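Going down the list, the protein sequences come from chains B, A, B' and A'. A prime marks a further copy of an entry chain.
Each residue of the first sequence is one higher than the one before, counting from 131 in the authors' numbering.
Each residue of the second sequence is one higher than the one before, counting from 131 in the authors' numbering.
Each residue of the third sequence is one higher than the one before, counting from 131 in the authors' numbering.
Each residue of the fourth sequence is one higher than the one before, counting from 131 in the authors' numbering.
Written below as structure tokens is the structure these notes are about.
There are 4 protein chains.
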Amino acid sequence: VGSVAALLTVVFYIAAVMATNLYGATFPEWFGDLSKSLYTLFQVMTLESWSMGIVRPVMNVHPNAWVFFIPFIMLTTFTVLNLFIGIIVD
Amino acid sequence: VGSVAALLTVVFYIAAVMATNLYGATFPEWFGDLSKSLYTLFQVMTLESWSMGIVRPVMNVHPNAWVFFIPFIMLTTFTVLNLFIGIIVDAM
Amino acid sequence: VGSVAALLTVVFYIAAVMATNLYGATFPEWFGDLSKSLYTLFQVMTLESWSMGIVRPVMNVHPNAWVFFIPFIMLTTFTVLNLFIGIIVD
Amino acid sequence: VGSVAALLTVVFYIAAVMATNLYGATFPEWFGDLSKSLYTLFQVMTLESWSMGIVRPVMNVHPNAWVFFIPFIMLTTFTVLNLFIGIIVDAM
Ligand SMILES: CCCCCCCCCC(=O)N(CCO)C[C@@H](O)[C@@H](O)[C@@H](O)[C@@H](O)CO
Ligand SMILES: CCCCCCCCCC(=O)N(CCO)C[C@@H](O)[C@@H](O)[C@@H](O)[C@@H](O)CO
Ligand SMILES: CCCCCCCCCC(=O)N(CCO)C[C@@H](O)[C@@H](O)[C@@H](O)[C@@H](O)CO
Ligand SMILES: CCCCCCCCCC(=O)N(CCO)C[C@@H](O)[C@@H](O)[C@@H](O)[C@@H](O)CO
Ligand SMILES: [Br-]
Ligand SMILES: [Br-]
Ligand SMILES: [Br-]
Ligand SMILES: [Br-]
């Protein structure tokens, strides 16, 4: 369970690094620094305005942004559900 | 578990085909090709702006669009829960 | 499991009747007939724009609308989760 | 299971008190009294417009508001899942 939380932190930090690099210049309010990026990716994980509010406006500049977000959603919104269920069984 | 993923892909591809045909001309930004349709239906599945952002604007042109989306939501937002639980059991 | 689905249909139909009566005149696009009401309450159940998009605009006319929606959400977004989990265990 | 519901009520009431104090003057429609605050925090819990609709506009005045909401979400959107699962087990 602890190793799952360690995996998620590593995946969340690396994805927030990638997004800062990728969309930081074009979308500075959402990904202009590591902080804004970790915040945005937590919101994207909770699925709040992920497509309409974030990903569709991004894809308008970077047409392949879905290659990042869709797997990011699928990975985190699974590992989070796995980590949370893990403590419930314990 | 693998058969569940195979079922979802088939259902997702066929639904994305149907939507492209149905709403592609009237709503081309959301369903104008298979790609835009698979993207939109993934978002509809995640329940993000499904009614306000997508389905209500669609229903304004096609009043019966709910016959497509509501069952699509009920089917996928169950099969996804079934597929994800399936791998979890494959550990215990 | 079947009795759970029968309970939800009864609760969903009665709540859609109540909403048509309560907010049908003031909010006719969302609750102007039984059909629009069953549609809106399915969306409210999925939690999509429930507060910002629906309930906050309603509460602006009917300040106690939260006495309807909040319990409706708590009841359905539990019974649905119970009904769906029921078949998974079977 | 009952102790879980008692824990959530205490956490929900104290969080609604904190928010009224913190953002009540700057954001009075959402946190201007305890009532508006308990309503907003129920919506924040359900994840409805939490960031775009509530937290991002708040952070524009209080840049650290995420220190309140993010843990609040993590705590409630876990304790609610724990409380709901608790009654389900009390049958099997
Ligand atoms: C799952 C792990 C989730 C971790 C989430 C951490 C989010 C951090 C958000 C954040 O810090 N910012 C987002 C901005 O949108 C930047 C500013 O809020 C911050 O820099 C200020 O506090 C001051 O330093 C400057 O005013
Ligand atoms: C559960 C399964 C989830 C499947 C998700 C698949 C999403 C595919 C989305 C997609 O391919 N596009 C979305 C468009 O909205 C179009 C892209 O091909 C885009 O790169 C185009 O713009 C190019 O022509 C280059 O400009
Ligand atoms: C969990 C159970 C969920 C059941 C959901 C059923 C929703 C039915 C929605 C509905 O029928 N309408 C919603 C309108 O917003 C009315 C119109 O769509 C309908 O009357 C048209 O099909 C034509 O008759 C007139 O053009
Ligand atoms: C998990 C626990 C969930 C608790 C949810 C409690 C919600 C309570 C919301 C509430 O009381 N109001 C929301 C306001 O946004 C104010 C009402 O008292 C309203 O009726 C007022 O307008 C009156 O003064 C009459 O006009
Ligand atoms: Br998903
Ligand atoms: Br559902
Ligand atoms: Br809830
Ligand atoms: Br979470």
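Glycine included, each C-beta is placed from N, C-alpha and C at the ideal position.
With respect to chain B', the C-beta atom of A:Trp196 has a partner C-beta closer than 8 Å.
Under the three-state reduction of DSSP output, B':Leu211 falls in the helix class. Among the residues facing chain A', B:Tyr169 is included, as its CB has a counterpart in that chain under 8 Å away. The set of residues with CB atoms less than 6 Å from any heavy atom of ligand 3 reads, in chain order, A:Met189, A:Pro193, A:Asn194, A:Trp196, A:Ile200, B':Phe142, B':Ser165, B':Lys166, B':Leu168, B':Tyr169, B':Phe172. Taking a contact to require three or more Cβ pairs closer than 8 Å, the stretch 175 to 184 of chain A and the stretch 196 to 207 of chain A qualify as touching. Under the Cβ criterion of 8 Å, B:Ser181 is not counted among the residues facing chain A'.
The residues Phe161, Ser167, in chain order, have a CB closer than 6 Å to that of B':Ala149 in the same chain once the five nearest residues on each side in sequence are set aside. The Cβ atoms of B':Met189 and A':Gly183 do not sit closer than 8 Å to each other. The Cβ atoms of A:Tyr169 and B:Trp196 lie closer than 8 Å to each other. B:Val140 and B:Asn212 have their C-alpha atoms some 16 Å from each other. Looking at the backbone, the Cα of A:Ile144 and that of A:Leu164 are separated by about 10 Å.
Taking 8 Å as the cut-off, the Cβ atoms of B:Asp220 and B:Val134 do not count as close. Ranked by Cα distance from B:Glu159, the first of A':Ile218, A':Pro193, A':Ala146, A':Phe199 is A':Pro193. The set of residues whose C-beta lies within less than 7 Å of a heavy atom of ligand 6 reads, in chain order, A:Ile203, A:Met204, A:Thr207, B':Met175, B':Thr176, B':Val210. Rounded to whole angstroms, the gap between the alpha carbons of A':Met222 and A:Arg186 is 41 Å. With a contact defined as Cβ atoms closer than 8 Å, B':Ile218 and A:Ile218 miss out at about 11 Å. Counting only the Cα atoms, B':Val191 lies some 19 Å from B':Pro201.
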